[PDB]
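As a starting point, one isolated chain is supplied in structure tokens, in the form deposited in one PDB entry.
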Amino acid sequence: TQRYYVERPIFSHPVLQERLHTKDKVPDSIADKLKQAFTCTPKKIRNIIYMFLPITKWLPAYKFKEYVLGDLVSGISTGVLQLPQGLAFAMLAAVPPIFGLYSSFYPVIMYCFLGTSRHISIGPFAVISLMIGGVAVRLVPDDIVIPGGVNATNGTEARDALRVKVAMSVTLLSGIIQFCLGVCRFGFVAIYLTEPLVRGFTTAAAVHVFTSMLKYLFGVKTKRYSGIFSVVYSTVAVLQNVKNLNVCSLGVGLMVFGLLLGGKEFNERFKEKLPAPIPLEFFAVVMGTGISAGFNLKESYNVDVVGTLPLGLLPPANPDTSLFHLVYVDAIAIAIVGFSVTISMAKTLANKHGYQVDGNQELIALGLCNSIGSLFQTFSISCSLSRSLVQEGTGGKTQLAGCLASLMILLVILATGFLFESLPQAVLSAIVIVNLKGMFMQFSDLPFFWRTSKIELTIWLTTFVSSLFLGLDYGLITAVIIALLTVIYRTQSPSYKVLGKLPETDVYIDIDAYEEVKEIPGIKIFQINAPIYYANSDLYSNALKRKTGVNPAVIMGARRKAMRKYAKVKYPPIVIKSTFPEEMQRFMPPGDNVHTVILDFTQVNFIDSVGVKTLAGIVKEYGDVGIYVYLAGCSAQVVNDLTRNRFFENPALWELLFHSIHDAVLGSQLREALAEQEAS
């Protein structure tokens, strides 16, 4: 083994700078930087196409023998859940369920072309559907007057058509906003969605879905709520009118709920013995339709059912832009929430599978999906969190599984929709609630973060509470800001350490940590692992004066008290020699006799104007009582901050900067030795 051997002079800043000559920066002109960015080599255009059409990259690289079985199983398992979720979330959007089926077909196909994630399930989302239904009923209330040429027994078809128009308009506007944000590179903000924040946000979204499904589980009529405390209002309303529940709807839904839970437990426990998981949503739906049609519950027990599902696809139709001025705010909110839900879950799966997702491409894909789908009578979509978990956890590899699920939805739309007309809405509710279980499993993060980082546990809990009680829009921005403020908290509560020296080395460690490091007599070394900006500087100065035990104000007060008791451009030197008489020093209380204070700046990333003022004050106050202050390990950035401020207006302070703590200690000891040499 070799050894660490260093033999060099003491490196103060002027001494080290004498050995360094400034290098010539290579010319980097902006005009040439733009010119070299427009070469348009074929590889560059191929990379651009891959960026904007990801299917052009991962489809030719499809490992058929390694991906086809997993994609097929995942596609079937995703489709059997996609159908009831589409119907239920269409109900949440105040539109006929067939439009939820449309929203489960076109955007998934488009996302298979434009999307970057290969595990999320694109489709209707409960929170987005709730927002769409809110704007739809605000623009088209239940007591609206329509001169549609019908008798007093109105079938509510015209009201449904008007609400569909409103939903398509808001969907087109939200898609336009999402596409514009993706073009303007707004997706960079996805970097501010940390893992605890994402998981707390998604758990809160799952609670939102569960709350939105309660009225359909119980069969009660409840006013629509959207905004702050909407989850609380919805739960309160459902519990308030729970006395008017449909007992048959609740019984059927609870039977489906229990059977689904049992089947999911069976699948999980026998995963190793089952070649593929049994699709239980298909059996749940079919059995439900059998029970409702066979006993004819729809009017026998007034059980709410899915209703008529017209067959066939609709021709493209232009949404009316005339409603934009009435919906744009909602369109903005839906755009934001849709992005936040899509990029969160995507990240959650990408980190699980060792790849990365482009936020800008996610925004572009969402915008194109929503805007083009609005032409095909599709309301605003997002990522379905529970269905994304199902798709990922059933062996899903690429987005071809989503294409297979969309093919199943298309089969329902074209030929077999009429078979589900008697399916009870309660059954749909139960299915959704059951599939929320995996989402709720994320609560297991609370102990884990409690063991790993209480700051990140705070981020998790704050994000959960915010996204729950406020909306998924206001709660998300609140959580992002608070998570960023945790960094300010970290800087405002740093580790203030007094350093001692490991004998016969140059290693300086916390004096209260290892029992072998010893403080150097006459020298105090103070260290902060944080910047010294405005929110920090006063705490840093107080901590220095408290932890080192060297308070210049206390020293001055003791000097004055001892004096009273014994009674019965040019710059002055920074350190004023203590002209304290020895006769008065006889009454001076004993102390540590510290002549130098070393400030360890190795971990100080930056210093602002307020921090520079604090540092100058520290130097002046300590020099007034005849104590030297040295800065050790100042980075080039910190030295530049000191120079941009008026810290080195007196050039003498250049002598206070040393390369390392050992350099400063050796320089201080050398200064003391020279002072003793010239004393006598």
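From 1 onward, residues are counted along the sequence shown. Superpose the two forms; the largest set of C-alphas matching within 1.5 Å is the rigid core.
Here the subject shifts to the form deposited in another entry, a form of this protein not shown in this document.
Of the residues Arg586, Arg546, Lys271, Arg138, just one CA atom moves 2 angstroms or more between this form and the one not shown under rigid-core superposition; it belongs to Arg138.
Relative to the superposed core, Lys63 shifts its CA atom by 2 Å or more between this form and the one not shown. For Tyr355, a C-alpha deviation of 2 angstroms or more is recorded between this form and the one not shown after rigid-core alignment.
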